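Ligands are counted one by one from 1 in listed order, and the atoms in each one are counted from 1 as well. Convention: sequence-line order gives letters A, B, ...; per-chain numbering from 1. Excluded from the calculations below are hydrogen atoms, water molecules and symmetry mates; all remaining heavy atoms, backbone and side chain alike, are included.
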2 protein chains.
Amino acid sequence: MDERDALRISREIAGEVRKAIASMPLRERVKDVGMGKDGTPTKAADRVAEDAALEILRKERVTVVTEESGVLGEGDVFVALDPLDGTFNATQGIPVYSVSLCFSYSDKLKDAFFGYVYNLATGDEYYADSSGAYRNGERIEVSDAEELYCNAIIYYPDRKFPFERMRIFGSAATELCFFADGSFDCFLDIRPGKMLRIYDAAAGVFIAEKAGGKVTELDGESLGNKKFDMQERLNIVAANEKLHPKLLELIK
Amino acid sequence: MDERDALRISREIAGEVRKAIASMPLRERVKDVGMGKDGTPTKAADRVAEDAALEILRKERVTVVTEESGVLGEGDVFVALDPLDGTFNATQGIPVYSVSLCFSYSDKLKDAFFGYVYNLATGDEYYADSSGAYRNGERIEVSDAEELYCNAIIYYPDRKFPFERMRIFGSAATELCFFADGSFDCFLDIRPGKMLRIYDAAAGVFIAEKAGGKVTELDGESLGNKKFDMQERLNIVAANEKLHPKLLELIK
Ligand SMILES: N[C@@H](CCC(=O)O)C(=O)O
Ligand SMILES: N[C@@H](CCC(=O)O)C(=O)O
Ligand SMILES: N[C@@H](CCC(=O)O)C(=O)O
Ligand SMILES: N[C@@H](CCC(=O)O)C(=O)O
Ligand SMILES: [Mg+2]
Ligand SMILES: [Mg+2]
Ligand SMILES: [Mg+2]
Ligand SMILES: [Mg+2]
């Protein structure tokens with residue numbers, strides 16, 4: 001498989017998932033229909049998303065690692081799938097929720113060759129391949145903010161901070177893209193519990209780096225060795241090269 | 001003027017403001033074109049919104065209190081107008097920004113008879129009148145959550161909190177409506193600076209109360225005497241009547 005296949009596949013998936021969710025009323029979306037392999041409830045909105053995405057992905061030779069159904073398939077190409085990221089928003093009809101896909105040539109993030117995040121409520125399309133990073137067909141890049149007085153997405157603020165704005169939109173995959181396109185100056189998930197799973201962050205990290213951002217773990221460590229498995233967990237500190245080390249200091 | 005006139009007027013305004021913003025590219029939206037009477041800069045997105053709104057409102061016998069141009073007109077009916085609430089989101093193409101209108105028979109919020117918040121990115125319509133509170137024509141009401149382990153919109157978290165979720169979307173008028181329709185269990189603006197202006201909150205507070213929520217200042221004082229002027233500022237604690245006192249305690 002190559003980055004063209006992955007774009008094609010991701011778009012087909014985006015199409016079907018969007019259709020499926022859009023036809024499900026909010027009262028159905030919000031129903032708890034099962035337990036996911038990740039250890040959190042699967043809502044009806046999650047199940048329909050994942051079913052639609054897997055219908056397409058299983059026709060391919062990949063190992064899929066996805067939130068509700070866990071690990072599936074046997075291909076040498078690994079795909080990290082969040083069939084619905086921002087499920088709470090989707091259940092409330094709040095326009096920030098996405099399907100997220102990251103394709104890698106091994107079970108480690110350093111081998112990612114394609115990343116794709118699609119806002120299911122608005123139609124906004126983010127992806128990145130070897131040619132750069134895109135939002136709705138147009139090249140994007142991270143902001144050049146250097147001061148701590150910047151616009152931050154942060155999970156979660158638990159002390160006074162120097163930021164100009166703090167926002168928390170409820171979909172990490174999309175919010176990483178809000179960072180990737182310059183909307184926000186940084187994305188921080190510093191929750192001590194280390195809550196992000198590989199399928200939450202992977203596409204967002206790949207897109208953000210291709211947009212020029214520096215994206216690391218809590219302590220500046222590379223994310224390259226994060227595994228595409230259900231056990232993997234992440235903290236993220238992401239910002240342009242100038243701002244990144246300042247934030248690392250700040251959150252010490 | 002009555003509540004039906006206000007619905008009509010608000011819808012006409014929503015239509016034109018939506019048109020005006022939609023046709024304006026993000027690179028133009030974000031331009032700083034002037035200073036607002038509020039004391040914050042006026043973005044070109046703000047200006048085109050306010051102009052479209054005032055074109056319609058001036059044709060009415062009202063006193064308008066609006067962010068960019070301040071206090072206008074002479075009528076006995078006061079209208080608090082945020083022509084564009086969530087301007088930052090609108091400049092980045094993040095789908096949470098709104099026009100907000102609150103109509104009152106005096107210059108105090110206790111005399112409000114109509115409130116209206118319209119998401120310019122999605123077309124979502126919130127309003128409340130004597131018949132109740134609505135979202136896209138459907139009656140809404142606040143959530144029945146009783147525990148501090150709830151879903152919270154809070155500006156800004158600065159300590160450890162017991163919430164299940166914390167979100168900050170960047171449009172106070174809309175976020176009060178997220179509270180009003182039950183999507184979130186509470187809305188909290190407890191920023192010590194007391195930042196919210198009357199046009200940010202008025203419509204949201206009226207809609208939230210009509211939806212059954214309890215909405216007060218920091219200390220539980222009624223918001224009834226808040227003035228429709230440029231000097232007015234607000235903190236807000238809003239939740240159902242069961243949860244509300246617990247939150248008052250939590251931040252005490
Ligand atoms: N909304 C599109 C997503 C991909 C695209 O065509 O840009 C679809 O129907 O698949
Ligand atoms: N129309 C978009 C999403 C829905 C919308 O337009 O709001 C799409 O085809 O994906
Ligand atoms: N007020 C909405 C339309 C609602 C309606 O008239 O049914 C708009 O013009 O943006
Ligand atoms: N502002 C457009 C958004 C388009 C859409 O989300 O369908 C509306 O009237 O709804
Ligand atoms: Mg789950
Ligand atoms: Mg999910
Ligand atoms: Mg201003
Ligand atoms: Mg404004």
- Message: So, 2.8 Å as the limit: is an N/O/S atom of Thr40(B) located closer than that to the Mg ion (ligand 7)?
- Response: yes

- Closest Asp38(A) atom to the Mg ion (ligand 5) [N, O or S only]: OD1

- Message: Give me each pair satisfying side chain to side chain donor-acceptor pair (under 3.5 Å) with a member in residues 78-88 of chain B, each pair once, sequence neighbours excluded.
- Response: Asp46(B)-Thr87(B), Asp85(B)-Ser171(B)

- Message: Given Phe169(B), which partner from the list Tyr155(B), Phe184(B), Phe88(B) fulfils the ring pair (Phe, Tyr, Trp, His ring centres under 6.0 Å) test?
- Response: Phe184(B)

- Does the shortest distance from the Mg ion (ligand 5) to an N/O/S atom of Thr42(A) fall below 2.8 Å? no

- Sequence neighbours excluded - side chain to side chain donor-acceptor pair (under 3.5 Å) pairs with any residue from residues 187-198 of chain A: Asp38(A)-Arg197(A), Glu67(A)-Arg197(A), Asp189(A)-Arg191(A), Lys194(A)-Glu217(A), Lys194(A)-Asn235(A), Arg197(A)-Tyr199(A), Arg197(A)-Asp200(A)

- Message: Does atom CD (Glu55(A)) have a neighbourhood of more than 12 heavy atoms from anything else shown, all under 6.0 Å?
- Response: no

- d(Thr216(A) OG1, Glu209(A) CD) to nearest 0.5 Å is 9.5 Å

- Sub-3.5 Å donor-acceptor pair from the side chain of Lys108(B) to the main-chain atoms of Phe228(B), do we have one? no

Validation: residues 17-24 of chain A side-chain donor-acceptor distances under 3.5 Å, sequence neighbours left out:
residue  : atom : partner  : partner atom : Å
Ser23(A) : OG   : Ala20(A) : O            : 3.3

- Item | Protein N/O/S atoms closer than 2.8 Å to the Mg ion (ligand 6) | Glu67(A) OE1, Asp82(A) OD1, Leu84(A) O

